[PDB]
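Structure at a glance
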Amino acid sequence: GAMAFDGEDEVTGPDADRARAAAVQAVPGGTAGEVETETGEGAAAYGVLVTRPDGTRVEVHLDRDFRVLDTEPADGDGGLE
């Protein structure tokens, strides 16, 4: 259909807009936040953080063309030190 490359003007992030807009259409009234660019070299270039009100947070990994690669539940217990 419509390719996710436009550019809403109310955001400060490039991919943060394109991927977020697609996320809103996938999650019914769920928690959606602006996304940041993941590692350039690889398959997943965009990480879309979304959370269902059920208490489940999943990050949608998008490829170079914003095609859904896979969705795994994202937790925050893995620190680094």
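Attention in this report is confined to the structure presented alongside it.

1. Comments concerning the environment of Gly78
Inspection of the secondary structure puts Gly78 in the segment after β5 (68-73). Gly78 gets classed as exposed once you look at its relative accessible area, which sits at 68%. When the C-alpha positions of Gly78 and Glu36 are compared, they lie 19 Å apart, and in sequence the two are 42 residues distant.

2. Here's the deal with the packing of aromatic side chains
Applying the stated criterion to the full structure yields 2 aromatic pairs. Taking 5.1 Å as the distance between ring centres and 70° as the angle between the ring planes, the aromatic pair formed by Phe5 and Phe66 counts as edge-to-face. Residue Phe5 is found in the segment before α1 (15-24), and its partner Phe66 is found in the loop between β4 (56-62) and β5; the two are separated by 61 residues along the sequence. Looking at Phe5, the relative accessible area reads 45%, which means it is partly exposed. Using a relative accessible area of 13% as the deciding quantity, one classes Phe66 as buried. Relative to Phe66, the ring of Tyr46 lies with its centre 4.1 Å away and its plane at 15°, an arrangement referred to as stacked. In this pair, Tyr46 sits in strand β3 (residues 46-52) while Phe66 sits in the loop between β4 and β5, placing the two residues 20 residues apart along the sequence. Taken together, the ring pairs connect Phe5, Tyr46 and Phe66 into an aromatic cluster.

What counts, and at which threshold
Residues numbered from 1 in each chain as written, not as in the entry; some residues may be left out. Heavy atoms only, no water. Helix = DSSP H or I, 4+ residues; strand = E, 2+ residues; numbered from the N terminus. Buried < 20%, exposed > 50% of the residue type's maximum accessible area, 1.4 Å probe, protein only. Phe/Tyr/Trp six-rings, centres within 6.5 Å; stacked < 30°, edge-to-face > 60°.

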